[PDB]
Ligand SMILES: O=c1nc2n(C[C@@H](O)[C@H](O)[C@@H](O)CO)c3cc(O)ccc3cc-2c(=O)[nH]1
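A lone chain, given as structure tokens: the form solved without this ligand.
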């Protein structure tokens, strides 16, 4: 026969899926597939929490396809070899999938497509994870943006796309077809343990399309109205917690935008309106960094701006280790690192703090931090993670004047009552917020909690000194 294969990667859902919808308009014999790629799964940068969330998403996706009328095929191996082989064995009319913005995915995709073209099989690659593709947002000179402001002004004025239809009444494969591909398939979805992973720390939102959609709806129904200023406080549960759903596509970007937009139209309060616009802004920042990675792939290599490619990083392994183990002695920093390692998620204000701390205070090549975050974030995303770490030094996009966060000031400003500190550092619940914020704790009252591993003021001067010496040397 002539079925169409849809290749899932970061769009683990049946609803509001550009590529899937386009494929369904071409054939009802729509068969989904997912390939466990060893280069990604065996990577030292793979987070256990991310594999757990992913596996949970795949489980639901299997059901969705089954309920739709067909199935989700599962494979394990090199994509450019297995996908074309599968398509050929199935004499596929075509293979569809949504475009990636990352170096690895785009290179791989080019290879799969070329392999398919050689086999004489059509490959269709459409944009789905962004409201606007990188090629849609360009300046008057037709160039990409490296500064947020102007990018936002353009992006904001562009007509927003709406959710596409969920495919239905699919036609499943026949025994003869199933026999032709048997050797390429896994008999069942491997469990987290079978893959060699273990995770018991939970998630910001339960895995799956259904849970993602429920969270989006619940958030936009209430919490979003207070997004600003509730977003600034780690102690408050003021954010959506949809990050992993967006990274793995458990939710469609158009559904997200439409939900927020409908909430803004329904709201009759200026403050709420503003809160919702602010949340929408976050989605814009998301596209700013994704577009940036797309347009400037070298960003993924580390410090982008020339000066920073030459920064004299101290790199004291011991300080890094202390940082990864939440033993820095800075309460606000340790409480954040603990939440990360224990739950695979961290409040953005906290990520900004620990990143600033690692880069500015500990003076460690921020790539070590970027890597550590990727090894633990359930939402670990190259574009966003790299953007965040380039940000800790203004070494990439949207650069700002040299600046160093003061842990105490941030803590006092965003966790004034030390509620968040106490929450993740229970062995310090007896200490007074006053001291947890200043980071100056008396030994006895400190119990086993380590003392600050560095003197902020001395580190601050050291960093500025190196910066200036280099700035001058250049």
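Residue numbers count along the first chain shown, from 1.
Keep in mind that the form deposited with this ligand bound is not shown, yet the notes after this line are about it.
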Within 4.5 Å, heavy atoms only, which of 36, 441, 57, 30 is in contact with this ligand in the entry with it bound?
36
Of 254, 360, 108, 291, the one that lies within 4.5 Å of this ligand in the entry with it bound (heavy atoms)
108
Residue-level contact is defined here as any heavy atom of the residue lying within 4.5 Å of this ligand in the entry with it bound; does residue 464 satisfy this criterion?
no
Within a 4.5 Å heavy atom cut-off, is residue 104 in contact with this ligand in the entry with it bound?
yes
Going by a heavy atom distance of 4.5 Å, is residue 24 a contact of this ligand in the entry with it bound?
no
Can any non-hydrogen atom of residue 334 be found within 4.5 angstroms of this ligand in the entry with it bound?
no
Do all of 64, 172 and 189 end up near this ligand in the entry with it bound, with near meaning a heavy atom within 4.5 Å?
no
In terms of non-hydrogen atoms within 4.5 angstroms, which of the given stretches 336-344, 96-104, 114-122, 136-144 touches this ligand in the entry with it bound?
96-104
Since the partner is left out here, which residues of 9-32 would have a heavy atom within 4.5 Å of this ligand in the entry with it bound?
9, 10
